[PDB]
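# Summary of the model geometry
Read off the chains here:
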Amino acid sequence: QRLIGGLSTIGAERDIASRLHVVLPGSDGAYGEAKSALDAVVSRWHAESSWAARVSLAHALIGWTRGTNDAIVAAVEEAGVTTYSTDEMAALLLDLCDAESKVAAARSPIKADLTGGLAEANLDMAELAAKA
Amino acid sequence: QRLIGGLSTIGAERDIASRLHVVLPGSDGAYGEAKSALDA
Amino acid sequence: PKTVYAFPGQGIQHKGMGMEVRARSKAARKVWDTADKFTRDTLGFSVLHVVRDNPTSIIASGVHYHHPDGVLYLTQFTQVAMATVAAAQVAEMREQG
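Below: a short report on this structure. The residue numbers you see begin from 1 on each chain and track the sequence as written, which may not match the entry, and residues missing coordinates are not shown. Chain letters and ligand numbers both follow the written order, the letters beginning at A and the numbers at 1. Bear in mind the chains here are only a fraction of a larger assembly, and the values reflect that fraction. Side-chain calculation: all heavy atoms of the structure are included, whereas hydrogens and water are not. Residues with missing side-chain atoms are left out of burial classes, side-chain pairs and their counts.

Residue and element names in this part refer to chain A. Site definitions follow a grid-based scheme: protein atoms alone, a 1 Å grid, a 1.4 Å probe that fits but cannot get out for cavities, and for pockets an open set with protein on both sides within 12 Å along at least five of seven lines, plus lining residues having an atom within 4 Å of a point. Grid points are joined across faces, edges and corners, and a volume is the space filled by probe spheres set on the points. Reported here for the largest cavity is a volume of approximately 40 Å³. Taken together, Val41, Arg44, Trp45, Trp51 and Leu57 make up the full set of residues lining the largest cavity. Residues belonging to the lining of the largest cavity are distributed by class as follows: four nonpolar, no polar and one charged. Just so you know the grouping, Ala, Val, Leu, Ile, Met, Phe, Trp, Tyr, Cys and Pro go in nonpolar, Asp, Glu, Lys and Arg go in charged, and all remaining residues, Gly too, go in polar.

In any sheet, the strands associate via hydrogen bonds between backbone groups, in a parallel or an antiparallel arrangement. Residue and element names in this part refer to chain A. Strand order in the open sheet formed by three strands is β1-β2-β3, with parallel pairing between adjacent strands. At either end of the open sheet lies a strand with only one pairing partner, and these are β1 (24-26) and β3 (110-113). Going from strand to strand, the sheet's axes swing by 20° on average, the running direction of each strand aside. Paired strands are those between which DSSP finds at least two bridges. Here a strand is any run of E in DSSP of at least two residues, a helix any run of H or I of at least four, and the numbering for each starts at the N terminus. In this sheet, strand β2 (residues 58-61) lies alongside β1 in parallel orientation, the contact comprising three bridges. Directly across from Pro25, in β2, lies its bridge partner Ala60. Each axis is a line fitted through C-alpha atoms, and for a helix only the stretch in contact is used; angles between axes span 0 to 180 degrees, taken between their N-to-C directions.

This paragraph deals with helix α4 (residues 75-95) of chain C. All names here are of chain C. Spanning 21 residues, α4 covers 31 Å between terminal C-alpha atoms, matching the ideal 30 Å at 1.5 Å per step. Partly exposed residues are those whose accessible area sits between 20% and 50% of the maximum for their type, while under 20% is buried and over 50% is exposed, using a 1.4 Å probe and protein chains only. All of the buried residues in α4 are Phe77, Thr78, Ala81, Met82, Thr84, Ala88, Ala91 and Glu92. The contact criterion used is simple: two residues touch if any of their non-hydrogen atoms lie within 4.5 Å. Those residues of α4 that are buried lie in contact with α1 (19-24), α2 (27-42), α3 (47-52), β1 (57-59) and β2 (64-66). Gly97 occupies a position one or two residues after α4 and carries a positive phi of about 75°. One less than the number of residues in a helix, times 1.5 Å, gives the span that helix is expected to have.

Given below as structure tokens:
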């Protein structure tokens, strides 16, 4: 949030109506830690009005990517959650940066889900970790 | 949480089955800050 | 040879009995683990703590016992300490052949 403050500050008085745009990653308990990391920036967004003319938030809950293991991928595809590669995840993440999504995120923080089935906590991380 | 760790530690091996008990306060945006303080 | 294993009585107890045996062996470490697991699951105290340190007063399942020279020195705790020390020593000297 120090970073978003500085990057919103550096082009302030030169180029008004030029709004920075942020994409937040959110990576069950790790998703809870991610949402706790979220609802401080979003709370400060709704609180302070100096951010409102410069920033445009967007958040994506990311799914499960098979790069940074094969037994983990086999276990989660037996579980049924759809995994992704890094390029697939990058395309399905960077699609939030077109003109429609930034005009929509100019009003309110978009809170998008990209998780292909791990949003339901059927299996847990240590439950897979002992198996792995 | 350092406090609850220490107070749970000091009566550990002397008195087993003796469990410390904590009451957390949570005080809209202030309630969101409180819930963020909770879910750690 | 035909031998005799004779086991002692009171007055043998002190703080830290057989802790070097627990440090040396592994079967003795196993029988210390089964002993203090059993007594913390049934009686309500840690016999490993009662031998390794000598606290002033501990709480059992229901009540608390107190002995100002040390809680190692009264009746029940002396006897269970002698029991686990004799069992650990004989398990070590039977796994050593």
